[PDB]
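Source file: structure.csv; contents: CSV, C-alpha atoms.
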chain,number,residue,atom,x,y,z
A,1,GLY,CA,141.8,63.6,81.3
A,2,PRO,CA,145.2,65.1,82.3
A,3,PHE,CA,145.6,65.4,86.0
A,4,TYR,CA,146.0,68.8,87.5
A,5,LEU,CA,149.5,70.3,87.5
A,6,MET,CA,151.4,67.6,85.7
A,7,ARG,CA,154.8,68.6,84.4
A,8,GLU,CA,158.0,67.3,82.8
A,9,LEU,CA,160.3,65.1,84.9
A,10,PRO,CA,164.0,65.9,84.6
A,11,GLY,CA,166.5,64.3,82.2
A,12,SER,CA,166.5,60.5,82.5
A,13,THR,CA,169.9,60.0,84.2
A,14,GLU,CA,171.7,63.2,85.0
A,15,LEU,CA,174.3,63.4,87.8
A,16,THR,CA,173.0,61.6,90.9
A,17,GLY,CA,174.3,60.0,94.0
A,18,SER,CA,173.2,56.6,92.5
A,19,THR,CA,176.2,56.4,90.1
A,20,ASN,CA,179.6,55.1,91.1
A,21,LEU,CA,181.1,58.5,91.7
A,22,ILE,CA,184.6,57.3,92.1
A,23,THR,CA,184.8,55.4,88.8
A,24,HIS,CA,183.2,58.3,87.1
A,25,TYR,CA,185.7,60.6,88.8
A,26,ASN,CA,188.7,58.5,87.6
A,27,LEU,CA,189.8,57.6,91.1
A,28,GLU,CA,189.4,53.8,90.9
A,29,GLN,CA,193.0,52.7,90.5
A,30,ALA,CA,194.1,54.7,93.5
A,31,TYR,CA,191.5,53.0,95.7
A,32,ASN,CA,192.4,49.5,94.3
A,33,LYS,CA,195.9,50.3,95.2
A,34,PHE,CA,195.0,51.5,98.7
A,35,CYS,CA,192.3,49.0,99.8
A,36,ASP,CA,204.1,53.7,108.4
A,37,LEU,CA,205.8,56.3,106.2
A,38,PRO,CA,207.7,56.8,109.4
A,39,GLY,CA,208.7,53.2,108.7
A,40,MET,CA,208.9,53.8,105.0
A,41,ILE,CA,211.2,56.8,105.6
A,42,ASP,CA,213.1,54.8,108.3
A,43,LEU,CA,214.0,52.7,105.3
A,44,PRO,CA,216.3,55.7,104.7
A,45,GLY,CA,217.1,56.9,108.2
A,46,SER,CA,217.6,55.6,111.8
A,47,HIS,CA,214.3,56.0,113.6
A,48,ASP,CA,211.0,57.8,113.5
A,49,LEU,CA,209.5,66.2,123.1
A,50,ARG,CA,211.2,68.5,120.6
A,51,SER,CA,209.7,66.4,117.9
A,52,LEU,CA,206.5,67.2,119.7
A,53,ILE,CA,207.7,70.8,119.2
A,54,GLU,CA,208.2,70.0,115.5
A,55,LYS,CA,204.5,68.9,115.3
A,56,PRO,CA,203.5,71.9,117.4
A,57,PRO,CA,205.3,74.3,114.9
A,58,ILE,CA,203.4,72.3,112.2
A,59,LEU,CA,200.2,73.0,114.1
A,60,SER,CA,201.2,76.6,114.4
A,61,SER,CA,201.7,77.1,110.7
A,62,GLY,CA,224.7,84.4,106.7
A,63,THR,CA,225.7,80.7,106.4
A,64,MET,CA,229.4,81.6,106.3
A,65,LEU,CA,228.8,83.9,109.3
A,66,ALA,CA,227.4,80.9,111.2
A,67,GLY,CA,230.3,78.7,110.2
A,68,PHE,CA,232.7,81.5,111.3
A,69,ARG,CA,230.8,82.2,114.6
A,70,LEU,CA,230.5,78.4,115.4
A,71,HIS,CA,233.8,78.4,117.4
A,72,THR,CA,233.9,75.4,119.8
A,73,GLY,CA,236.7,73.1,120.7
A,74,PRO,CA,236.9,69.3,120.3
A,75,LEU,CA,237.4,67.7,123.7
B,1,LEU,CA,161.7,64.2,114.1
B,2,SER,CA,165.3,63.2,114.7
B,3,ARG,CA,164.6,59.4,115.2
B,4,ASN,CA,161.8,57.0,114.4
B,5,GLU,CA,161.8,53.6,116.2
B,6,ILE,CA,159.8,50.3,115.8
B,7,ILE,CA,157.5,51.1,118.7
B,8,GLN,CA,157.0,54.8,117.7
B,9,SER,CA,156.5,53.9,114.0
B,10,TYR,CA,153.9,51.3,115.0
B,11,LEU,CA,152.2,54.0,117.1
B,12,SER,CA,152.1,56.2,114.0
B,13,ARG,CA,150.6,53.3,112.2
B,14,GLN,CA,147.7,52.5,114.6
B,15,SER,CA,146.9,56.2,115.1
B,16,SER,CA,146.7,56.9,111.4
B,17,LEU,CA,144.6,53.9,110.7
B,18,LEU,CA,142.2,54.6,113.6
B,19,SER,CA,141.8,58.1,112.3
B,20,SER,CA,141.2,57.0,108.7
B,21,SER,CA,139.4,53.6,109.0
B,22,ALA,CA,132.8,41.7,97.4
B,23,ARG,CA,132.8,45.5,97.4
B,24,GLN,CA,129.9,47.1,99.4
B,25,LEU,CA,130.4,50.6,98.1
B,26,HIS,CA,127.9,53.3,97.3
B,27,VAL,CA,126.2,53.1,94.0
B,28,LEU,CA,128.0,55.4,91.7
B,29,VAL,CA,126.2,58.7,90.8
B,30,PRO,CA,126.9,60.2,87.3
B,31,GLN,CA,127.2,63.9,86.5
B,32,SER,CA,124.0,65.9,86.8
B,33,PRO,CA,123.1,68.2,83.9
B,34,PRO,CA,119.6,69.0,85.4
B,35,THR,CA,120.1,71.2,88.4
B,36,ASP,CA,117.2,73.1,89.7
B,37,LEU,CA,118.1,76.7,90.0
B,38,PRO,CA,121.1,77.1,87.5
B,39,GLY,CA,121.1,74.2,85.1
B,40,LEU,CA,117.6,73.1,84.2
B,41,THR,CA,115.9,76.2,85.7
B,42,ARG,CA,112.6,74.8,86.8
B,43,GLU,CA,110.1,77.5,87.6
B,44,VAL,CA,109.3,76.7,91.3
B,45,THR,CA,107.0,73.7,90.8
B,46,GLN,CA,105.8,70.9,93.2
B,47,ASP,CA,107.0,67.5,92.0
B,48,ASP,CA,110.6,68.4,93.1
B,49,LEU,CA,109.5,69.3,96.6
B,50,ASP,CA,107.3,66.2,96.9
B,51,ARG,CA,110.3,64.1,95.8
B,52,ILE,CA,112.6,65.9,98.3
B,53,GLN,CA,110.2,65.2,101.1
B,54,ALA,CA,108.7,61.8,100.5
B,55,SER,CA,110.5,59.7,97.9
B,56,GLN,CA,114.0,58.4,97.6
B,57,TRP,CA,116.4,60.7,95.9
B,58,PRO,CA,119.9,59.4,95.9
B,59,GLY,CA,121.8,62.7,95.5
B,60,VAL,CA,119.7,64.9,97.7
B,61,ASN,CA,117.9,63.0,100.4
B,62,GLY,CA,120.4,60.2,101.1
B,63,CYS,CA,123.2,57.9,100.0
B,64,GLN,CA,122.2,54.7,98.4
B,65,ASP,CA,124.2,51.5,98.5
B,66,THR,CA,125.0,48.1,97.0
B,67,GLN,CA,123.1,45.4,98.9
B,68,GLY,CA,120.2,47.8,98.7
B,69,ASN,CA,120.2,49.5,102.1
B,70,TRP,CA,119.2,53.2,102.0
B,71,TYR,CA,120.7,55.8,104.3
B,72,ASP,CA,119.5,59.3,104.7
B,73,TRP,CA,121.6,62.2,106.0
B,74,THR,CA,121.1,61.6,109.7
B,75,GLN,CA,122.4,58.1,109.7
B,76,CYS,CA,125.8,56.6,109.8
B,77,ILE,CA,127.0,54.3,107.0
B,78,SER,CA,129.1,51.2,107.6
B,79,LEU,CA,131.0,50.0,104.6
B,80,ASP,CA,134.1,48.0,103.7
B,81,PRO,CA,135.9,49.4,100.6
B,82,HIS,CA,138.8,47.0,101.1
B,83,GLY,CA,139.0,43.2,101.2
B,84,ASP,CA,139.8,43.3,104.9
B,85,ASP,CA,138.0,43.1,108.2
B,86,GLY,CA,138.5,46.8,108.7
B,87,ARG,CA,135.3,48.7,108.1
B,88,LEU,CA,134.9,52.3,107.0
B,89,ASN,CA,132.4,54.1,109.1
B,90,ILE,CA,131.0,57.2,107.5
B,91,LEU,CA,129.6,59.4,110.2
B,92,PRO,CA,126.2,61.2,109.8
B,93,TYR,CA,126.2,64.2,107.5
B,94,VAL,CA,123.8,66.2,109.6
B,95,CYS,CA,124.0,65.1,113.3
B,96,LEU,CA,120.7,66.5,114.5
B,97,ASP,CA,121.1,67.6,118.2
C,1,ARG,CA,138.2,63.0,92.7
C,2,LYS,CA,140.4,64.7,90.2
C,3,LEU,CA,142.3,66.6,93.0
C,4,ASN,CA,142.7,63.4,95.0
C,5,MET,CA,144.3,61.7,92.0
C,6,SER,CA,146.4,64.7,91.2
C,7,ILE,CA,147.7,64.8,94.7
C,8,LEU,CA,148.8,61.2,94.5
C,9,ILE,CA,150.4,61.5,91.1
C,10,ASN,CA,152.3,64.6,92.1
C,11,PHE,CA,153.6,62.7,95.1
C,12,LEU,CA,154.8,60.1,92.7
C,13,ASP,CA,156.4,62.8,90.5
C,14,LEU,CA,158.1,64.2,93.6
C,15,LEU,CA,159.5,60.7,94.2
C,16,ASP,CA,160.7,60.9,90.6
C,17,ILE,CA,162.4,64.2,91.4
C,18,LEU,CA,164.1,62.6,94.5
C,19,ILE,CA,165.2,59.7,92.4
C,20,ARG,CA,166.5,61.5,89.3
C,21,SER,CA,167.7,65.0,90.1
C,22,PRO,CA,167.4,66.2,93.8
C,23,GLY,CA,169.2,69.4,93.0
C,24,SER,CA,166.7,70.5,90.4
C,25,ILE,CA,164.7,73.7,90.6
C,26,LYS,CA,161.4,71.8,90.0
C,27,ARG,CA,161.3,70.2,93.5
C,28,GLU,CA,160.8,73.7,95.0
C,29,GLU,CA,157.9,74.1,92.5
C,30,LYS,CA,156.9,70.6,93.4
C,31,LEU,CA,157.0,71.3,97.1
C,32,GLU,CA,154.9,74.3,96.2
C,33,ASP,CA,152.8,72.4,93.7
C,34,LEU,CA,151.0,69.8,95.7
C,35,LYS,CA,150.6,72.5,98.4
C,36,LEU,CA,148.3,74.4,96.0
C,37,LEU,CA,146.5,71.1,95.4
C,38,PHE,CA,146.0,70.6,99.1
C,39,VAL,CA,144.6,74.1,99.4
C,40,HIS,CA,142.0,73.3,96.7
C,41,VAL,CA,141.0,70.1,98.4
C,42,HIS,CA,140.2,72.0,101.5
C,43,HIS,CA,138.7,74.9,99.6
C,44,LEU,CA,136.2,72.7,97.8
C,45,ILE,CA,134.9,70.9,100.9
C,46,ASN,CA,134.6,74.2,102.8
C,47,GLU,CA,132.1,75.0,100.1
C,48,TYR,CA,130.1,72.1,101.4
C,49,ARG,CA,129.8,73.9,104.7
C,50,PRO,CA,127.1,76.4,103.9
C,51,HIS,CA,125.1,73.7,102.1
C,52,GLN,CA,125.4,71.3,105.0
C,53,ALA,CA,124.4,74.2,107.3
C,54,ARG,CA,121.3,74.9,105.2
C,55,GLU,CA,120.5,71.3,104.9
C,56,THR,CA,120.6,70.7,108.6
C,57,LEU,CA,117.9,73.4,109.0
C,58,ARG,CA,115.8,71.5,106.5
C,59,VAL,CA,115.9,68.2,108.3
C,60,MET,CA,115.4,69.9,111.6
C,61,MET,CA,112.2,71.4,110.2
C,62,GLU,CA,111.1,68.0,108.9
C,63,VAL,CA,111.7,66.4,112.3
C,64,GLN,CA,110.0,69.3,113.9
C,65,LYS,CA,106.9,68.9,111.8
C,66,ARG,CA,106.8,65.2,112.4
C,67,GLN,CA,107.1,65.5,116.1
C,68,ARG,CA,104.2,68.0,116.2
C,69,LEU,CA,101.9,65.6,114.4
C,70,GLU,CA,103.0,62.7,116.5
C,71,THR,CA,102.0,64.5,119.7
C,72,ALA,CA,98.8,65.6,118.1
C,73,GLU,CA,97.9,62.0,117.3
C,74,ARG,CA,99.1,60.8,120.7
C,75,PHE,CA,96.9,63.3,122.4
C,76,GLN,CA,93.9,62.5,120.3
C,77,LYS,CA,94.2,58.8,121.1
C,78,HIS,CA,94.2,59.7,124.8
D,1,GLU,CA,198.5,65.6,112.7
D,2,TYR,CA,198.8,62.0,111.4
D,3,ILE,CA,202.5,62.7,110.8
D,4,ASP,CA,202.5,63.7,114.5
D,5,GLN,CA,201.0,60.3,115.2
D,6,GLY,CA,203.8,58.8,113.1
D,7,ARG,CA,201.8,56.8,110.6
D,8,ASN,CA,201.8,57.1,106.9
D,9,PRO,CA,199.8,59.9,105.4
D,10,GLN,CA,198.9,57.2,103.0
D,11,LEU,CA,196.6,56.1,105.8
D,12,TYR,CA,194.9,59.5,105.6
D,13,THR,CA,194.5,58.9,101.8
D,14,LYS,CA,192.9,55.5,102.6
D,15,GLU,CA,190.6,57.1,105.1
D,16,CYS,CA,189.5,59.9,102.7
D,17,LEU,CA,188.8,57.3,100.0
D,18,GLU,CA,186.9,55.1,102.5
D,19,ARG,CA,184.7,58.1,103.7
D,20,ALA,CA,184.0,58.9,100.0
D,21,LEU,CA,182.8,55.4,99.5
D,22,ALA,CA,180.8,55.4,102.7
D,23,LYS,CA,178.9,58.5,101.7
D,24,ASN,CA,178.4,57.1,98.2
D,25,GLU,CA,177.1,53.8,99.7
D,26,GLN,CA,174.7,55.6,102.0
D,27,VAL,CA,173.3,57.9,99.3
D,28,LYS,CA,172.8,55.1,96.8
D,29,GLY,CA,171.0,53.1,99.5
D,30,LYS,CA,168.6,55.9,100.2
D,31,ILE,CA,167.9,56.3,96.5
D,32,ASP,CA,167.4,52.6,96.2
D,33,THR,CA,164.8,52.5,99.0
D,34,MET,CA,163.0,55.3,97.3
D,35,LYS,CA,163.0,53.3,94.1
D,36,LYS,CA,161.5,50.3,95.9
D,37,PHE,CA,159.0,52.4,97.6
D,38,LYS,CA,157.8,54.1,94.4
D,39,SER,CA,157.5,50.6,92.8
D,40,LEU,CA,155.4,49.4,95.8
D,41,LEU,CA,153.2,52.5,95.8
D,42,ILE,CA,152.4,52.2,92.1
D,43,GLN,CA,151.7,48.5,92.5
D,44,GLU,CA,149.2,49.1,95.3
D,45,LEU,CA,147.6,52.1,93.7
D,46,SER,CA,147.2,50.1,90.5
D,47,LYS,CA,145.5,47.5,92.6
D,48,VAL,CA,143.1,50.0,94.2
D,49,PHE,CA,142.7,52.6,91.4
D,50,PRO,CA,142.9,50.7,88.1
D,51,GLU,CA,142.0,53.4,85.5
D,52,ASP,CA,144.0,56.2,87.1
D,53,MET,CA,147.2,54.3,87.3
D,54,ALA,CA,146.6,53.0,83.8
D,55,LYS,CA,146.4,56.6,82.5
D,56,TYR,CA,149.5,57.4,84.6
D,57,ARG,CA,151.5,54.5,83.1
D,58,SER,CA,150.4,55.8,79.7
D,59,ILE,CA,151.5,59.3,80.4
D,60,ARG,CA,154.6,58.3,82.5

For this file, produce the structure as structure tokens.
Amino acid sequence: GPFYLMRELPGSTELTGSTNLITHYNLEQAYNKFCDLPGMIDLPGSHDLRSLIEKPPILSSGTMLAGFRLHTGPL
Amino acid sequence: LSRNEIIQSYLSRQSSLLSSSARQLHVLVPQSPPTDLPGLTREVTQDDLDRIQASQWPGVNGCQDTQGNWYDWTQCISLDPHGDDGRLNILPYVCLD
Amino acid sequence: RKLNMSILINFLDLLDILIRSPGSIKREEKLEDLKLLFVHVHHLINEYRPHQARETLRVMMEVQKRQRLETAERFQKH
Amino acid sequence: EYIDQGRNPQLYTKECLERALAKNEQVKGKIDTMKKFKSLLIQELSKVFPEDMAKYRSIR
């Protein structure tokens, strides 16, 4: 009658990979937006070696005294 | 394991089918409540031994068939359980010598 | 026949595991479960092996007997 | 590192979103092929074994 070692299948639709995971995870509108900030920041400033050293420090990670000791002439 | 390709998958197909393989099946055999030592317990008699030697007994001395052809244990049975050209070939059960 | 059908239906239920909830505990049971079924399908047909052994002795004896009588008859005709 | 390349990091957001949808597409596709294969298998077994697949469709 019953087959040997039948058991209960899991809950009908639990969390799977067959759902739309993004729309369930409330990330839809960001994607629908998304689908340079060097240029978007050069909207503010002029343009976008030692900047390689800036990125290398990024990859690695007495103000009145300075103004007093900043003595240098004009010409 | 890592990759299966058309030719290799078809190799798997022909190898598996050559290992494995209008009805022409064996005649079905029911359950048997009379069995000789445990079930029915016949005191050793003589009709059973004469049936096992001379007559046709389809559970003991051979496998019967539709289209009528009888096959005892030392023979090989050719059948076709599918509706294809591929024929199942049951090998002999005993293989004397 | 029961164990054949149980093997196929547990394969279908393992497909239901892989469809519905792959992270379930049951698949480990399922990947054990049909293993036990496969063990029994071998363990029953190994129990045909003494019987087959005894039965080949029987048919050998019958063939033995027949061949003796055939030679007897052959020789008597000669 | 993408700032070092001088792009927007918004491109990195776009690429993370795209890889999320790529993995979700692949996984839904594998589960869909398993669905089609289960359907085909129960069709063919119902062809070859009538009574057993009848009792299976009863029990589900």

Item checked: Contact set, chain B to chain D: 12 Å, all atoms listed in the file, as a list in words ->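 Here they are: residues 23, 81, 82 and 83 of chain B.
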
Might you pull out every residue within 12 Å of stretch 60-73 of chain A, with all atoms listed in the file counted and same-chain residues fewer than 6 positions away left off, and present them as a short mmCIF file (atom, residue, chain, number, x, y, z; two decimals) with C-alpha atoms, keeping the file's coordinate frame?
data_model
loop_
_atom_site.label_atom_id
_atom_site.label_comp_id
_atom_site.auth_asym_id
_atom_site.auth_seq_id
_atom_site.Cartn_x
_atom_site.Cartn_y
_atom_site.Cartn_z
CA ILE A 53 207.70 70.80 119.20
CA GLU A 54 208.20 70.00 115.50
CA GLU D 1 198.50 65.60 112.70
#

Check: Could you state the separation of atom CA of residue D:46 and atom CA of residue A:6 in Å, given to one decimal place?
Finding: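 It comes out at 18.6 Å.
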
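Considering all atoms listed in the file, the residue among A:26, A:19, A:32, A:13 positioned nearest to chain C is A:13.
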
Notebook entry, point to check: Leaving out stretch 33-49 of chain A and any residue of its chain fewer than 4 positions from it, which residues lie within 6 Å of it when counting only C-alpha atoms, given as a ChimeraX atom specification?
Noted result: /D:6-8,14

Next item on the list: Give the answer as one residue: which of D:41, D:16, D:54, D:27 has the shortest atom-to-atom distance to chain A, using all atoms listed in the file?
Entry: D:27

Give me, as a Markdown table, the closest atom pair and its distance (Å, one decimal) for every residue of chain A within a cut-off of 8 Å of chain C, counting all atoms listed in the file, rows sorted by chain and rising number.
| residue | atom | partner | partner_atom | distance |
| --- | --- | --- | --- | --- |
| A:3 | CA | C:6 | CA | 5.3 |
| A:4 | CA | C:6 | CA | 5.5 |
| A:5 | CA | C:33 | CA | 7.3 |
| A:6 | CA | C:10 | CA | 7.1 |
| A:9 | CA | C:17 | CA | 6.9 |
| A:10 | CA | C:21 | CA | 6.7 |
| A:11 | CA | C:20 | CA | 7.6 |
| A:12 | CA | C:20 | CA | 6.9 |
| A:13 | CA | C:20 | CA | 6.3 |
| A:14 | CA | C:21 | CA | 6.7 |
| A:15 | CA | C:21 | CA | 7.2 |
| A:16 | CA | C:21 | CA | 6.3 |

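Put simply, atom CA of residue B:86 is 13.3 Å away from atom CA of residue B:16.
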
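For chain C, the residues close to chain B, meaning within 12 Å and counting all atoms listed in the file, are residues 48, 49, 51, 52, 53, 54, 55, 56, 57, 58, 59, 60, 61, 62, 63, 64, 65 and 66 of chain C.
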
With only C-alpha atoms considered, list every residue of chain D at most 10 Å from chain A, as a JSON list (two decimals) with C-alpha atoms, keeping the file's coordinate frame.
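Wrote it out as iface_10.json, contents follow:
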[["chain", "number", "residue", "atom", "x", "y", "z"],
["D", 1, "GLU", "CA", 198.50, 65.60, 112.70],
["D", 2, "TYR", "CA", 198.80, 62.00, 111.40],
["D", 3, "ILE", "CA", 202.50, 62.70, 110.80],
["D", 4, "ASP", "CA", 202.50, 63.70, 114.50],
["D", 5, "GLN", "CA", 201.00, 60.30, 115.20],
["D", 6, "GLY", "CA", 203.80, 58.80, 113.10],
["D", 7, "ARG", "CA", 201.80, 56.80, 110.60],
["D", 8, "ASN", "CA", 201.80, 57.10, 106.90],
["D", 9, "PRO", "CA", 199.80, 59.90, 105.40],
["D", 10, "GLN", "CA", 198.90, 57.20, 103.00],
["D", 11, "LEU", "CA", 196.60, 56.10, 105.80],
["D", 13, "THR", "CA", 194.50, 58.90, 101.80],
["D", 14, "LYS", "CA", 192.90, 55.50, 102.60],
["D", 15, "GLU", "CA", 190.60, 57.10, 105.10],
["D", 17, "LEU", "CA", 188.80, 57.30, 100.00],
["D", 18, "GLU", "CA", 186.90, 55.10, 102.50],
["D", 20, "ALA", "CA", 184.00, 58.90, 100.00],
["D", 21, "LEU", "CA", 182.80, 55.40, 99.50],
["D", 23, "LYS", "CA", 178.90, 58.50, 101.70],
["D", 24, "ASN", "CA", 178.40, 57.10, 98.20],
["D", 25, "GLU", "CA", 177.10, 53.80, 99.70],
["D", 26, "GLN", "CA", 174.70, 55.60, 102.00],
["D", 27, "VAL", "CA", 173.30, 57.90, 99.30],
["D", 28, "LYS", "CA", 172.80, 55.10, 96.80],
["D", 29, "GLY", "CA", 171.00, 53.10, 99.50],
["D", 30, "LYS", "CA", 168.60, 55.90, 100.20],
["D", 31, "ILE", "CA", 167.90, 56.30, 96.50],
["D", 32, "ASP", "CA", 167.40, 52.60, 96.20],
["D", 52, "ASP", "CA", 144.00, 56.20, 87.10],
["D", 55, "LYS", "CA", 146.40, 56.60, 82.50],
["D", 56, "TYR", "CA", 149.50, 57.40, 84.60],
["D", 59, "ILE", "CA", 151.50, 59.30, 80.40],
["D", 60, "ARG", "CA", 154.60, 58.30, 82.50]]

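Taking atom CA of residue B:89 and atom CA of residue B:20 as endpoints, the distance between them is 9.3 Å.
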